[PDB]
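I have placed the structure first, in the form of structure tokens, so that the comments after it can refer back to it.
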Amino acid sequence: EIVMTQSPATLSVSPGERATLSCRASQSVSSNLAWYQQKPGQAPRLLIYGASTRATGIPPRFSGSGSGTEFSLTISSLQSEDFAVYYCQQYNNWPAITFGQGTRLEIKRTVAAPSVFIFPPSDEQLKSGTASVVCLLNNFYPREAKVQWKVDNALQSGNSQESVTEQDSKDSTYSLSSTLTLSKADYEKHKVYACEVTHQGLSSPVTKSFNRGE
Amino acid sequence: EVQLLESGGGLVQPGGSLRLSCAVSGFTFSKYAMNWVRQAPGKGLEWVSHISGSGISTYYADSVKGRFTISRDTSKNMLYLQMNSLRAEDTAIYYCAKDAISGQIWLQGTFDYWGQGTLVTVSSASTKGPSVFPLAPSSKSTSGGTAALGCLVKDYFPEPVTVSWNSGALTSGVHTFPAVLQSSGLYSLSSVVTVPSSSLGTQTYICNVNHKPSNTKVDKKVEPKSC
């Protein structure tokens, strides 16, 4: 098999600028190379074939170049909806089609601070014997963020899980949820539940909190 | 308008069998050869199988050789993948993909239309429907700012669940988080939306949760709680 390598696997390119993505082949594949764009939750869409020919309906700011073993995909005037994983694929050795493992292109927009919300567990879930406390960080950039749980001003470790949305196709921001999971018995031992958020567009950390009964 | 519609994916025991279907509309089916391409969770694309436009010629990747069978019924615009002796490494989203240029080998190796894909999960774990709980907005400050509300979809297997708001009316500002695999081995996710703080009590907010693997459809209405 011909091994296709896309390195680096991630790139962060500012909007309006030019992003160059790399794809390299273990042997010559001539011009039998294609590029696909896969947005989150969607099937791949064909961008380039023949290593330089644009598929139908693909705007000309997408450009493919190269031959043999070295190839590039150039996206000019980078836009927020260009966030995706881009795959190169050789079809020289048909039908032994092989893909590169893809490069994820992040849109490097300006810093945006998160809006922070805290949600107490519902009483419906409380009957079932478990309490889920959800802290939300909404529409921030960059992705890096620290979320800390304080239960009666005591640090919580090992009892929370985080989930992050894909970069938004419109405003290029991220959103994140932290979920604290405790037993109803352990939920009812303590009083103060606080979510402390540290991030780059916040000068000092933001805390949102509630008290169990009130 | 070309449309490829995969169907038949689901939860199946290791060693079991499953047959996938791809409904085809919007072009001359006989003119084009067809492919199956799969994608494991969080992984890349892997070509699996190819069938010629006539149907005489079939090809398979080594990883599925002797276990998968591609077939077509050009009469009724259908493409099939028969999957036998399934393993955990076969768990993936399976895409139906149409070749670009009609002809044969000289013009093949490129896919210009793809289906939305169907998920195949190879596991011995049991199907389990989720519980839906509200993420009630509270202490909505300034009455002209923005408040956050949502739904917590907890303890289900297998993937996926879908969440909409107000039957797909409320679309702007909705963030449906990727599912998280909990310590129990069940999945859980949250869907949240940010809305005008003054609409609380004026507009009702309902999250429509669908977990098709367990035949679970739930509408949960989210309101501010007392005190």
message: Against the conditions (1) loosely packed, with under 15 Cβ neighbours inside 10 Å; (2) under 30 Å from residue B:77 (Cβ atoms); (3) within 9 Å of chain A (Cβ to nearest Cβ), where does residue B:117 fall short? Just the number, please.
response: (1)
query: Do you know which residues across region A:116-138 are more than 30 Å from residue A:78 (Cα to Cα) and more than 9 Å from every other protein chain (Cβ to nearest Cβ)?
result: A:126, A:127, A:129, A:131, A:133, A:135
- request: Could you list, in sequence order, all residues of region B:59-111 that are more than 12 Å from residue B:34 (Cβ to Cβ), among the acidic types (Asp, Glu) and surrounded by 21 or more Cβ atoms within 10 Å (Cβ to Cβ)?
  value: B:90
statement: Every listed condition ((1) on the phi < 0 side of the Ramachandran plot; (2) surrounded by fewer than 16 Cβ atoms within 10 Å (Cβ to Cβ); (3) in contact (Cβ under 8 Å) with a residue 40 or more places away in the chain) holds for residue B:200 save (2)
task: Answer with yes or no whether residue A:154 is surrounded by 15 or more Cβ atoms within 10 Å (Cβ to Cβ) and aliphatic (A, V, I, L, M).
output: no
- prompt: Which one of these does residue B:135 not meet: (1) within 24 Å of residue B:174 (Cα to Cα); (2) in contact (Cβ under 8 Å) with a residue 12 or more places away in the chain; (3) more than 8 Å from every other protein chain (Cβ to nearest Cβ)?
  reply: (3)
message: Just to confirm my filter: which strands (runs of 3 or more DSSP E) fall fully inside region B:1-60 and include at least 3 residues that are among the hydroxyl-bearing types (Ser, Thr, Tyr)?
response: B:58-60
task: Within region A:41-71, count every residue that is within 14 Å of another protein chain (Cβ to nearest Cβ), part of a loop (DSSP other than H, G, I, E, B) and over 25 Å from the mean Cα position of the chain (by Cα).
output: 6
- line: Residues in region B:91-145 that are of a type in the set (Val, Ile, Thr) and at positive phi total 1
- line: Turns out the strands (runs of 3 or more DSSP E) fully within region A:72-188 with at least 3 residues that are over 15 Å from the mean Cα position of the chain (by Cα) and touching a residue at least 24 places away in the same chain (Cβ under 8 Å) are A:84-90, A:115-119, A:130-140, A:146-151, A:174-183
statement: So, first residue within 9 Å of chain A (Cβ to nearest Cβ) in region B:172-195, second residue among the charged types (D, E, K, R) and assigned to a strand (DSSP E or B), Cβ within less than 8 Å, six or more apart or across chains; the pairs are B:180/A:162; B:182/B:155; B:188/B:154; B:188/B:155
field: Set A:162, A:196: member being surrounded by fewer than 21 Cβ atoms within 10 Å (Cβ to Cβ) and out of contact with any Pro (no Cβ under 6 Å at 6 or more places or on another chain)
entry: A:162
- line: Over region A:92-115, the set of residues at the interface with chain B (Cβ under 9 Å from one of its Cβ atoms), of a type outside the set (S, T, N, Q), surrounded by fewer than 22 Cβ atoms within 10 Å (Cβ to Cβ) and out of contact with any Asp or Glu (no Cβ under 8 Å at 6 or more places or on another chain) is A:94, A:95
query: Pick from region B:44-56 the residues that are surrounded by fewer than 20 Cβ atoms within 10 Å (Cβ to Cβ) and in contact (Cβ under 8 Å) with a residue 12 or more places away in the chain: which of them is nearest to the other protein chains (Cβ to nearest Cβ)?
result: B:46
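This table checks each residue for (1) under 22 Å from residue B:116 (Cβ atoms); (2) not small (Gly, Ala, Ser).
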| site | (1), (2) |
| --- | --- |
| B:140 | no, yes |
| B:145 | no, no |
| B:158 | yes, yes |
| B:162 | yes, yes |
| B:166 | no, yes |
| B:186 | no, yes |
| B:190 | no, no |
| B:205 | no, yes |
query: Can you name every residue in region B:97-114 that is facing chain A (nearest Cβ under 9 Å) and in a strand (DSSP E or B)?
result: B:97, B:111, B:112, B:113, B:114
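Values in this text are rule-based calculations from the coordinates and carry no lab data. All Cβ positions, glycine included, derive from the backbone under ideal geometry; neighbour counts span all protein chains shown.
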